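Take a look at the structure below.
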Amino acid sequence: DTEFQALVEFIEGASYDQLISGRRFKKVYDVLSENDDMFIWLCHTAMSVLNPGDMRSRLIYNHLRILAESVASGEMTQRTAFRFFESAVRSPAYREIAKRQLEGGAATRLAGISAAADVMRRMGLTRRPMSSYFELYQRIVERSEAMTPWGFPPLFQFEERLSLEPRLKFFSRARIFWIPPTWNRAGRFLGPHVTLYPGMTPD
Amino acid sequence: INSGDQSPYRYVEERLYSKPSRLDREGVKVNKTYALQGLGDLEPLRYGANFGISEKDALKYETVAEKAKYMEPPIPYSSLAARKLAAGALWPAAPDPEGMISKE
Amino acid sequence: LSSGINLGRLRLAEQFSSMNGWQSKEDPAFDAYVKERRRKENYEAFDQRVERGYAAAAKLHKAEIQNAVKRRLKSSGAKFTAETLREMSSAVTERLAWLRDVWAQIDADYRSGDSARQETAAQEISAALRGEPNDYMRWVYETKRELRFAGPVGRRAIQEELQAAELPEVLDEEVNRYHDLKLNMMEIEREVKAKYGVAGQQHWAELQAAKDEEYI
Amino acid sequence: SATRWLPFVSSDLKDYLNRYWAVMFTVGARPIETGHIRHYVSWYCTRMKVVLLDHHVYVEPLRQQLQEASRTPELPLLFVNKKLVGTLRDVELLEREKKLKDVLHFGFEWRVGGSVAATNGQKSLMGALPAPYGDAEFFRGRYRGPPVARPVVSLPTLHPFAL
Amino acid sequence: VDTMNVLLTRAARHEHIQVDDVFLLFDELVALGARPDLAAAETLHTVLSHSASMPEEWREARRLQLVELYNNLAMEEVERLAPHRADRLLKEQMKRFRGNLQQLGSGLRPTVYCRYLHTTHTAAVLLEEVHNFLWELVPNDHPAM
Amino acid sequence: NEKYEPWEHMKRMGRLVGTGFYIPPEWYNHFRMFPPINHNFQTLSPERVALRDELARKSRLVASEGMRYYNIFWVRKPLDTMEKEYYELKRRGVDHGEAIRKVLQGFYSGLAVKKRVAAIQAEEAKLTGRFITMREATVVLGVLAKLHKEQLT
Amino acid sequence: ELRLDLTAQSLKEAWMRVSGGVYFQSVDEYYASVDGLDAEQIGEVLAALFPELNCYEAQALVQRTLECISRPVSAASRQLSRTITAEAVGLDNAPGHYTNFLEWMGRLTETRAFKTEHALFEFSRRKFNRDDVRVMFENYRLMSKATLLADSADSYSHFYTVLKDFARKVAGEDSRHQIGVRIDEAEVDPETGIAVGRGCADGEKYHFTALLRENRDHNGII
C-alpha cells in the first residue's frame, strides 16, 4: 500500500503546512503514475482488434500477450518493449486484420477489451484488483487507443513511413528530429538542442 | 504566480522552457528551483518522467550530430501523453486567420 | 492449396470473424469445447483472494527455486545450459503443483462456513498478500538440514516419519540459502524485551556493553 | 525525374480522391471561404491539393459528382482520405470540437461522446459516471458551477470575415 | 424539498418497506417544514395506485389527502405564475394537474377555477379552460355540441 | 535506425545467454517460440455500343434537322425495331453501310407514318369540337386562373 | 420509471410467495441469464392482470421484471447509452450484444471499488481545494490502527473512508451541493415588529442604524 502511504503523507503534510504545495503534489503525482498499466492496456487494446480464428492473429496475440506479461514482470524495460510493440503494430498483416474488423460491422473488439480487463484482473497485471474495469471505462468514454479505428494510439510513431509521407508536411521530402542551427531566432528558448516531433507539439 | 519585478508571462516562460528549468527537472542541483514543482496534466510533455528525452544523458555529447547519432529513440506514449490525447492537447488550436483580414 | 487443413483454418477464421457465428447454442463443437473447459474450471478454481494469495506464494517459490539454481551455479562455477533450464522449469512446475495442492485446503477452509476455519484461512491469505513467508517452509528447511546432519538411526527415523507426509522436493541450495542468512538484531532485541522484562533490558544493556568493549 | 512534369487532370471525382490525401474544390468567386480552409489545413501541416473549378476542362462532370458526394451545392468542399469533410460549417465544427487534428492527419473522426471544448483546466470526467435513478434536476441545491458572464451589447466586429 | 424528494423516491423503491410508512414519512416531513411540490406528489400518487393490500378506507383516506394536495399545489402555482404573465406556462401546469386528478377519480375544485379564470390575459385560454372544466366532470364518451 | 530492432535485440539476448553465465528471462524463450512479426518478404456489348452510337448519331439528324419533329412519342420501339432490322440484315450478311441505309429508310417511313397518324387524329379532334387534349385542359385552367388573378387585382 | 419498477417488484415477491422459499441459481443457468420466470410467463401475466396495457409498454415491463429478479434494478444503462453510442464501439448490427454490455458496465459502475478508483483518478487530476484536503484529514484521523487493518484487508475500504466526501463531490450535479449564501433567522421585536440594521462608511465618520417596521396601510415613508 504505497499509494495509500503517499496519500496519507500528502494529507498530513498539507494539513501541517496549511497549504497545497507543489512538492507534495508532485510526489503523489509520481506515486500514482508509476504503474505500468498504460503499456499493458496498449498491448491488450492491440490484441482486442485481432481474430480468434485466424492463425496469424493467434501469432500476433501470443506475441503481444508475452510482451505484456514481460513488461508486467519487470524483466523487460519500457523502451525495448515499445520497439517490440511498434514493430508488431506497423506490420501489414496487423493493419489488414484491423481493416477487416473495421469493414465487418459487428466487430469483436468490445469483447476483446472486456476479456482483456478480466485477464489483467486474473493475472495480477494491475496495482489494485478492480482497477482494470475503471481503466476500461476510461479507455471507452474518453479519447484513447480503444476508440481509434486500428487499436493503437494515433501517434505517427505507430504508423508506417509510406503513409507518413504524402499526408504530413515535414522538413524536406524528395528517427530523432532536430532544428538545424542556421535558425538563430526561432523562438524565445528554441534552439538546436530542442527536438521537434512530426505529429504533435509536446510543449 | 509571484512575479518578482518581472512580467509574469516571461517569468513563467523562463521557469517552464529554459535550459536550467529542464535540467532542474532532470536533476542537476541548480541555484534555486528554476522549474515549477507541482503540475498535473498542465506539465509539458517534453519534460515528462516517462518521456524518452533526458538532458542528463545529453550533457555528455558536445555536438548536435553526436546527439543525433548516439541517443536512443524517444518513448512515444506515456500517461501524460494519454491525458493530453484525451484532452486533445497534442496540437494547439488554430487561431483566427490572419492571412486575409488586415495588418492593423 | 485447397486442402483439409487449409479449408478448416478458413472456416475457423470466418466463423470467429464477426460476433454472430460463435455465440451460445450456435456451433455445437465450440459449445462442447467451452462446456468441457467450464467443467474443468468449476472444479479447479479457487476464491479470488485465495487466487491472489496463491499468486504471491507462487511468485515467492519460483524466485526461491531460481535463487537456489543461481547459488548452485555460483558455487560450482559451471555454465547455464539448457539442461539446467529444463531442471529448473521442472522443479518450478512441480512446486507450483504442490502449492496448488496446498492452497486447495485453504480454499476449502475459506469456503467451509465455520468461523475458525474462515478466520485461519483469512489469516493465511493476509500473510501471503503482505509477503510474509511461511513457518512451514522454515520447519521444512530446518528438518532437511537436520536430516542431512544426523546419523543413520536419526536419518531412518526422519525418513520413515515423513515418507507419508507430502513434503515438497527441496534442493540443498534452498536450505543453504536459508541457513547462511544473518539474523536480525532488532527482532532479537524485541523478542528479548517482550518475552523478558527489565531483566531482558539489563541483559541487552550488558550485551551492548560487551559490543562496545569489543569495539575498543 | 524519370518522367516529364505534367499537370494532373481527370473527369472523375474518385481519381482525385485516390491520388491526393486532402483535395479541395473551390471557385474563384468565393475567396473568403477557401482562405479559412487554407488556414486550418496549413496549421496542422497537411499537404493539400486545391482545385479551382473556374477555368477547368471537366466542370460539368465535376459539378455533378460533387452533388452526389455532398448533397449541398456548397463550394468549397474538403475531401480527406476518400471521405467527405464538408464546407466551412463542417470544418469549423471539427476545429471547435478538437477533431480537426485527427481528421487531417489520420483520416478518422472521433466518435467519443461528450465535448472537449467546454473544459476547465485539465480534462477529466468530473461527473460523467451514471447517476443512480437519474434525478439530476430534482436536486435544487446542486452545484451549479462558477458564475458565467454575458455581454450586454455586441461589440462591433473588426471585419465581416474576421470570425 | 430535496430531502422529501429523495426520501419518498428511494424508499418507494426499497423492498422491505410498507406503503403506510411512506405516507407516515411524508406527514413527518410536511410537519418539519417541507413544502410539497409536483415531484413528491406524483411519487405518492404512484405508490397509492400501487397499494391494494391495505384496506379500502386507508386507500380512500390517502386519496382525499392527495386530492387536497393536488388542489393546494394547483392554487399555489396559480398565485406564483400570475404576475409573470406566464399563462401559456400555467396552461401546461393546469393540464398536468387535470391529468393527475382524473387518474385519481376526481377533478380540480371550482375555487381553483374561479381564481384561475380571473388572472387570465388572453381570451383564447379563457374560453379553453371552461371547456376543460365542463369536460372534467363528464367522461370522454359523453355527447357534446 | 536499424541497430534497435526486435530481431537485433533477440540476437543480442541469444548471444548473451549462450555464454552460460547469463540467465535467460522468460520472454527470450517465449519469443523463440513466438517470433516478432516481420514487414519483409510480403453494361453493354461494345459492338452494340458502336452500333447504337452510329444509329443514334444518324437518327438525331433525321428527327431534328430532317423531320423538324420534336414532340415524338415512344421512340424506343422505332429504335429497337431498326436495331432488330439491322440484326436481321446481319443474319444474311448483306453489307454494313447498306443495312444502315435500309434501316434508316424504314425509320424515316415509320416516323412519317406516326406523324401523319398524329396529324389525322389532331385534325379530327379539332374539326368536331367535342374532344380536347390534356395539355389544352391544363392550359385552359391556367389561363382562367390567371384571369381570376387579374380579377383579384 | 416509478410505475415500472413498482410493477416489476410486485411481480417478483408474488412469484416468491407461490414458489415457496429458496431459489438457487447455478453457473450454467446464470450464463444463459434465465431466471425463474420466462418472458412468455411474465407477458402472459401482464396481459391477464392488466387489461389496458399497450404493446410497447408491456415489453418494457417484461424487460424490468427479468432484471429485478436477478439483482436490484440499477438505472445506469440508460445514461450509458447517451454518453456511449453504438457506432463508437463497433456494434451497429448487434443490438443484443450492445445492451448486454451496457448493463454489464452499468452494474460495474455502482460498486464501491469503481467509486474509489474514480476518486483516486480525480485526486490525480488536481480537482480538489484546501477544503477537500482538510476534511480528508479529519476522515483519516478518526480511523485507528485497529480499524485501519480491518479496512486494509480489503483493497478499497481504507481508501474509501478518506475519499467518501470527495467521491460525492466529483460525482457531478447528482450529489455535489452548492454552498449558497447564508440564511439566518429573523430577529424582529414581537411587540413592535421592528428590525434593526446597521450601516457604516469611512470607518468613524458615517455610522447609521435603521429601524424597519411593516406598514399595513401602504403609507410607507423613510
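Note that each Cβ is placed from the backbone with ideal geometry, even for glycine, and that neighbours are counted across all protein chains shown. Bear in mind that the values in this text are calculations on the coordinates, not laboratory data.
If the condition is being in contact with an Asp or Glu (Cβ under 9 Å, 6 or more places away or on another chain) and within 7 Å of chain D (Cβ to nearest Cβ), then segment G:163-176 contributes G:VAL170, G:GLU173, G:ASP174.
Taken over segment C:58-86, the criterion of being part of a helix (DSSP H, G or I) and more than 22 Å from C:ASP180 (Cβ to Cβ) is satisfied by C:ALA58, C:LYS59, C:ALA82, C:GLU83, C:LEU85, C:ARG86. Condition (residue is within 54 Å of the chain's Cα centre (by Cα) and either aliphatic (A, V, I, L, M) or within 14 Å of chain C (Cβ to nearest Cβ) (or both)) applied to segment F:25-38: is it met by at least one residue? Yes, because at least one residue in segment F:25-38 is within 54 Å of the chain's Cα centre (by Cα) and either aliphatic (A, V, I, L, M) or within 14 Å of chain C (Cβ to nearest Cβ) (or both).
Considering A:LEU136, A:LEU125, which residue is under 19 Å from the mean Cα position of the chain (by Cα), in a loop (DSSP other than H, G, I, E, B) and surrounded by 18 or more Cβ atoms within 10 Å (Cβ to Cβ)?
Being under 19 Å from the mean Cα position of the chain (by Cα), in a loop (DSSP other than H, G, I, E, B) and surrounded by 18 or more Cβ atoms within 10 Å (Cβ to Cβ) holds for just one of A:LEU136, A:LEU125, which is A:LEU125.
Condition check: touching a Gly at 6+ places or on another chain (Cβ under 9 Å) and farther than 30 Å from E:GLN18 by Cβ. Does E:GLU136 satisfy that? For E:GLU136, the condition - touching a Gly at 6+ places or on another chain (Cβ under 9 Å) and farther than 30 Å from E:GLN18 by Cβ - is met. In segment F:15-22, is there at least one residue being in a loop (DSSP other than H, G, I, E, B) and more than 14 Å from chain C (Cβ to nearest Cβ)? Checked against the condition, which is being in a loop (DSSP other than H, G, I, E, B) and more than 14 Å from chain C (Cβ to nearest Cβ), segment F:15-22 yields no hits at all. The test for being within 30 Å of A:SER91 (Cβ to Cβ) and within 14 Å of chain C (Cβ to nearest Cβ) does not hold for F:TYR4.
Output the residue which, of all residues in segment G:65-84 that are outside any helix (DSSP H, G or I) and more than 16 Å from A:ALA111 (Cα to Cα), is farthest from the other protein chains (Cβ to nearest Cβ).
Per the stated criteria, the residue is G:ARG71.
The residue of segment A:97-110 that is surrounded by the most Cβ atoms within 10 Å (Cβ to Cβ), among those that are touching a helix residue (DSSP H, G or I) at 6+ places or on another chain (Cβ under 7 Å) and at the interface with another protein chain (Cβ under 7 Å from one of its Cβ atoms), is A:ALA107. When you scan segment A:150-198, how many residues do you find that are outside any loop (DSSP other than H, G, I, E, B) and surrounded by fewer than 17 Cβ atoms within 10 Å (Cβ to Cβ)? Going through segment A:150-198 one residue at a time, the tally reaches 8. Scanning segment A:1-44 for residues that are at the interface with chain B (Cβ under 9 Å from one of its Cβ atoms), over 26 Å from the mean Cα position of the chain (by Cα) and surrounded by fewer than 21 Cβ atoms within 10 Å (Cβ to Cβ) returns A:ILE20, A:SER21, A:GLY22, A:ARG23. Every listed requirement among (1) of a type outside the set (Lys, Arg); (2) surrounded by 11 or more Cβ atoms within 10 Å (Cβ to Cβ); (3) part of a helix (DSSP H, G or I) is met by F:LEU127 save one, (2). Residue count for segment G:142-162 under the criterion of being of a type outside the set (A, V, I, L, M) and more than 9 Å from every other protein chain (Cβ to nearest Cβ): the result is 8.
Within segment G:24-70, the set of residues being β-branched (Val, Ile, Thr) and either within 21 Å of G:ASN100 (Cα to Cα) or exposed (fewer than 12 other Cβ atoms within 10 Å of the Cβ) (or both) comprises G:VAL27, G:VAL34, G:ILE42, G:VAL62, G:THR65, G:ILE69. Of the helices (runs of 4 or more DSSP H) that lie entirely inside segment B:34-104, those containing 2 or more residues that are crowded, with 19+ Cβ neighbours inside 10 Å span B:79-87.
Under the condition of being under 12 Å from D:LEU17 (Cα atoms) and under 8 Å from the mean Cα position of the chain (by Cα), the residues counted in segment D:74-90 number 1.
Would segment C:21-30 turn up any residue that is touching a strand residue (DSSP E or B) at 6+ places or on another chain (Cβ under 9 Å) and either at the interface with another protein chain (Cβ under 9 Å from one of its Cβ atoms) or charged (D, E, K, R) (or both)?
no
Scanning segment E:98-114 for residues that are more than 10 Å from the chain's Cα centre (by Cα), not aromatic (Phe, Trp, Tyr) and not in a loop (DSSP other than H, G, I, E, B) yields E:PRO110, E:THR111, E:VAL112, E:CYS114.
Of the set (1) more than 8 Å from chain B (Cβ to nearest Cβ); (2) in a loop (DSSP other than H, G, I, E, B); (3) more than 16 Å from A:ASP37 (Cβ to Cβ), all apply to A:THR201 but (1). Per the conditions (1) within 14 Å of chain G (Cβ to nearest Cβ); (2) assigned to a loop (DSSP other than H, G, I, E, B); (3) buried (at least 21 other Cβ atoms within 10 Å of the Cβ), the sole criterion not satisfied by A:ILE113 is (2). When A:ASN51 is tested against the conditions (1) part of a helix (DSSP H, G or I); (2) away from chain B (no Cβ under 14 Å); (3) polar (S, T, N, Q), the lone failure is (1).
Is it the case that some residue within segment G:98-114 is surrounded by 15 or more Cβ atoms within 10 Å (Cβ to Cβ) and touching a strand residue (DSSP E or B) at 6+ places or on another chain (Cβ under 6 Å)? Checked segment G:98-114: at least one residue is surrounded by 15 or more Cβ atoms within 10 Å (Cβ to Cβ) and touching a strand residue (DSSP E or B) at 6+ places or on another chain (Cβ under 6 Å).
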